[PDB]
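Here is the structure we will look at, set down as structure tokens.
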Amino acid sequence: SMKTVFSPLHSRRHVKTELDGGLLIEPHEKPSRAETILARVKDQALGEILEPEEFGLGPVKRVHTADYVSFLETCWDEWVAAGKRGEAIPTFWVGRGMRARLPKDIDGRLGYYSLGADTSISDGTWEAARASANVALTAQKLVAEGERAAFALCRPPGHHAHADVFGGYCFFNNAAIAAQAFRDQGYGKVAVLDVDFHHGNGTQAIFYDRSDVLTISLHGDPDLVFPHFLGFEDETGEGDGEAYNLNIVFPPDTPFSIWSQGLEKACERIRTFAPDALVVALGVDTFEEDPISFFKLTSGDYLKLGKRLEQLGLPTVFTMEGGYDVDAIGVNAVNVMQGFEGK
Amino acid sequence: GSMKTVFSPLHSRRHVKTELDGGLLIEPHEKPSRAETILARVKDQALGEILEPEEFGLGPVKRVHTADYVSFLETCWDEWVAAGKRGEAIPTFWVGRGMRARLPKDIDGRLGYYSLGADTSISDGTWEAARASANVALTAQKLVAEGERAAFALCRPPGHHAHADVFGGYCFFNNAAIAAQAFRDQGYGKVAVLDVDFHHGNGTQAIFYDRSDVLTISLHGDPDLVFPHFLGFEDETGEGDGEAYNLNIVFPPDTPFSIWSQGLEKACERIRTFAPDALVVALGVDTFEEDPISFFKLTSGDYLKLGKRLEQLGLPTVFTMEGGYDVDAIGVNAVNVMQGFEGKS
Ligand SMILES: NCCCCCC(=O)NO
Ligand SMILES: NCCCCCC(=O)NO
Ligand SMILES: [K+]
Ligand SMILES: [K+]
Ligand SMILES: [K+]
Ligand SMILES: [K+]
Ligand SMILES: [Mg+2]
Ligand SMILES: [Mg+2]
Ligand SMILES: [Zn+2]
Ligand SMILES: [Zn+2]
């Protein structure tokens, strides 16, 4: 019914530390997320499961800068060579009133290229991010060659990464890369709808001055939650992108009965935009038991979500983003896929 | 010669257990034994009278720092604990390139808005210690304004990295900038702030960047290589009326006193043409050959030379203690600066 792209190289990203609440804890973004979703895909016989193709850095550099990609390739080696004993974590950054100037030292490069210290880098992070982008691009290729939809089971996630900024467990913006691939292959207009609990600030920034890619995100109020410094309802674009970005914000305890009204608004905006392709940055951290979020979606609500998304009648690429209740992450994500397929 | 020292026991209220460094949470370099060791050496050398600081209130602090920032520093630990966080208060997210410089409601976002680094944990007593350290600087300033040639403000925590509303690099209130601004508010026409700490005094540079009445000079390791990385380059000379009233002098690894003192001489010449009415020296002894996080190679006697050269400027002078992390020698080095100033070279 629906094909899934999955890479075993996702396990190459397996850091031990995440800065949270002043402590170094287990990262929330652990490989069992992807393994559990894959297990549910197999158990439900959703459809064919495929490994990604290697597309190289070309399609990645359509969205990210060359300096940033190079930095991501050398960062761990430079970190170890500089004598640091922990995993690679930024300690200093460009505070307000300082210069956005790229320095030489690895600590300064880490700070320049990051928006948060919650995303440790270790050996294999480069390879895993590369594989995740290739997963998204393979889903896009499946859709471009005839499939109604495809599930890019990406890990690590991507929607927080700017053209040259990483953070929030993201390195390469898989959804933005897929959308730009659609554009490069002759799709006139693309819509990116972000249903993850957090604002897709990287995707918003990448296309902020463009009208050929419409960016919509539903998320918890950034006054309250990550990413804090983007995602407010007054961010509607700039330049040619004016009115081609839409942020829809919700407060704590929001259930599906209210969240789905924002989803309906997003769907109406997409219909007037009338895109040639749709990329859905899917996060299941909207779940009522997600340990770092405050929405109250149930598991069946994801079936409803998939159904409503299918009714858009578009070629659709799903890129896996967040979701951290590992017990139910497979049921929730595959529930979106099956609801899309009519279950 | 004699020099008076201001010291507050409330510095001990600054007692964090963690510092983010190299991907690990380590024991902080900026530990209370720094101040206790300097004080012990002050006593053993009988440098002069030791006094506790006066409480000047928030007035003189708010001449330099914004009201929102001072309030934030007062409430930060309480909000952090009330929000359920289990470690010390450390920023995790900040305004990355391409995001909005907008103050949010959540304590994490406020921590990021008001910080330039995650190396400076906030815990219980940090507010009280920072207030006391600012009061140490202001009391030294009062001693100088009322007749003393010079005074040693044994500040802890240090201050020269703090902007008007940004903390980091172990700093919360910019004690040196507060002392300079107190000088200005008391009728001193022009003030010079000379930063001999190993790191760039970026907060002091920022506070006075568009002003010509306060000349800011700093000697430091190349920010291309070391903290604070994103300010301190030699092309930062001021803005507006402050153009040519900030001077950064950068040095590479392994720099000894024979080369460092050439930059110091350049700074002294700049001060000479500036001809200020008062001088504040942000003193760090992390230029020492054994300092564990810096790469200059000054000896202990070099600080005697430094103090002597500083006295030859002939100005009313306030020393504010900044960095320096080899605790074995921190007292010898700092007090060596004071005694060299008083002629014990
Ligand atoms: N460490 C704070 C969480 C960062 C973003 C996580 C996420 O799920 N984004 O979609
Ligand atoms: N954790 C990085 C070092 C920041 C403190 C620098 C200093 O001592 N300035 O005086
Ligand atoms: K979202
Ligand atoms: K756009
Ligand atoms: K300095
Ligand atoms: K100035
Ligand atoms: Mg470094
Ligand atoms: Mg928070
Ligand atoms: Zn999320
Ligand atoms: Zn220093």
Side-chain angles (χ1 to χ4, degrees), chain A residues 19-21 28-29 93-96 114-119 157-162 165-170 173 175-176 192-208 215-238 241 244-254 258-259 261-263 265-266 281 283-287 290-295 297 321-324, chain B residues 68 72 79-80 83-85 91-115:
Chain A
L19 180 57
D20 179 64
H28 293 280
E29 206 293 263
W93 55 87
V94 190
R96 287 176 301 102
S114 66
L115 50 79
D118 63 345
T119 307
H159 69 152
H160 289 308
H162 295 227
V165 189
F166 78 100
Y169 318 153
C170 304
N173 196 321
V192 184
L193 178 60
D194 195 319
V195 294
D196 174 287
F197 166 82
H198 305 89
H199 172 234
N201 55 284
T203 315
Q204 158 172 323
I206 287 162
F207 306 107
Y208 205 57
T215 46
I216 305 176
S217 175
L218 282 65
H219 43 273
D221 180 3
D223 252 339
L224 305 188
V225 294
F226 185 91
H228 288 310
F229 312 106
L230 277 181
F232 295 86
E233 295 196 327
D234 58 346
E235 294 151 34
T236 55
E238 84 197 3
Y244 291 87
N245 179 76
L246 175 61
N247 285 336
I248 300 169
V249 153
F250 294 99
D253 305 320
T254 295
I258 305 295
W259 189 86
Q261 298 172 228
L263 175 71
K265 175 156 93 139
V284 297
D285 38 18
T286 52
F287 184 47
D290 187 278
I292 65 165
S293 312
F294 51 56
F295 289 171
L297 286 210
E321 309 291 333
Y324 306 99
Chain B
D68 288 351
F72 160 76
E79 293 175 76
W80 183 258
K85 290 72 162 78
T92 320
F93 331 111
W94 54 87
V95 191
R97 289 177 299 103
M99 310 172 93
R100 296 167 69 176
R102 174 187 183 290
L103 176 71
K105 295 179 190 187
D106 181 67
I107 182 56
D108 291 304
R110 285 153 60 66
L111 265 173
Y113 187 71
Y114 287 123
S115 67

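So that the names make sense, note that chain A is the first sequence line, chain B the second, and so on, each numbered from 1. Values below: all heavy atoms of this structure, side chains included; hydrogens, waters and symmetry mates excluded.
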Quick check: does any side chain N or O of [X] sit under 3.5 Å from a backbone N or O of [Y], one acting as donor and the other as acceptor?
X: A/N173; Y: A/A161; result: yes
X: A/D285; Y: A/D290; result: no
X: A/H160; Y: A/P227; result: no
X: A/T119; Y: A/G168; result: yes
X: A/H162; Y: A/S114; result: no
X: A/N247; Y: A/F232; result: yes
X: A/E29; Y: A/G322; result: no

Can you tell me how far apart [atom1] ([X]) and [atom2] ([Y]) are? Round to the nearest 0.5 Å.
X: A/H199; Y: A/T215; atom1: NE2; atom2: OG1; answer: 7.5 Å
X: B/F93; Y: A/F226; atom1: CZ; atom2: CZ; answer: 6.0 Å
X: A/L193; Y: A/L246; atom1: CG; atom2: CG; answer: 9.5 Å
X: A/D20; Y: A/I292; atom1: CG; atom2: CD1; answer: 8.0 Å

For the residue pair [X] and [Y], what are the closest heavy atoms and their distance?
X: A/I258; Y: A/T254; answer: CB-CG2, 4.0 Å
X: A/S217; Y: A/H198; answer: OG-O, 4.1 Å
X: B/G98; Y: A/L230; answer: O-CD1, 3.7 Å
X: B/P104; Y: B/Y113; answer: CD-CB, 4.5 Å
X: A/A117; Y: A/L19; answer: O-CB, 3.4 Å
X: A/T286; Y: A/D196; answer: CG2-C, 4.3 Å

Can you check side chain to side chain contact (heavy atoms under 4.5 Å, CB included) on B/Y114 and B/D68, steps first, answer last? CA-CA 10 Å; B/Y114 287 123; B/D68 288 351; 3.3 Å; yes

Criterion side chain to side chain contact (heavy atoms under 4.5 Å, CB included) on A/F207 and A/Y244, from CA distance to verdict: CA-CA 9 Å; A/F207 306 107; A/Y244 291 87; over 6 Å; no

By side chain to side chain donor-acceptor pair (under 3.5 Å) - contacts of [X] (at least two apart):
X: A/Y208; result: none
X: A/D194; result: A/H159
X: B/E79; result: B/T75, B/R110

For [X], all residues meeting salt bridge (charged side-chain N to carboxylate O under 4.0 Å, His left out), sequence neighbours excluded:
X: B/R100; answer: A/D234, A/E235
X: A/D118; answer: none
X: A/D223; answer: B/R102

Could you walk me through whether B/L111 and B/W94 pass side chain to side chain contact (heavy atoms under 4.5 Å, CB included), step by step? CA-CA 8 Å; B/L111 265 173; B/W94 54 87; over 6 Å; no

For the residue pair A/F295 and A/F250, categorise the inter-ring angle as parallel (less than 30°), tilted (30 to 60°) or perpendicular (more than 60°). perpendicular

Which word best sums up how the rings of A/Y324 and A/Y169 line up, parallel for under 30°, tilted for 30 to 60°, or perpendicular for over 60°?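 Ring orientation of A/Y324 relative to A/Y169: perpendicular.
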
Ring centroid separation for A/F197 and A/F287, is it under 6.0 angstrom?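 No, the ring centres sit 6.0 Å or more apart.
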
Take A/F294 and A/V225, measure what side chain to side chain contact (heavy atoms under 4.5 Å, CB included) needs, and give me the verdict at the end. CA-CA 9 Å; A/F294 51 56; A/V225 294; 3.3 Å; yes

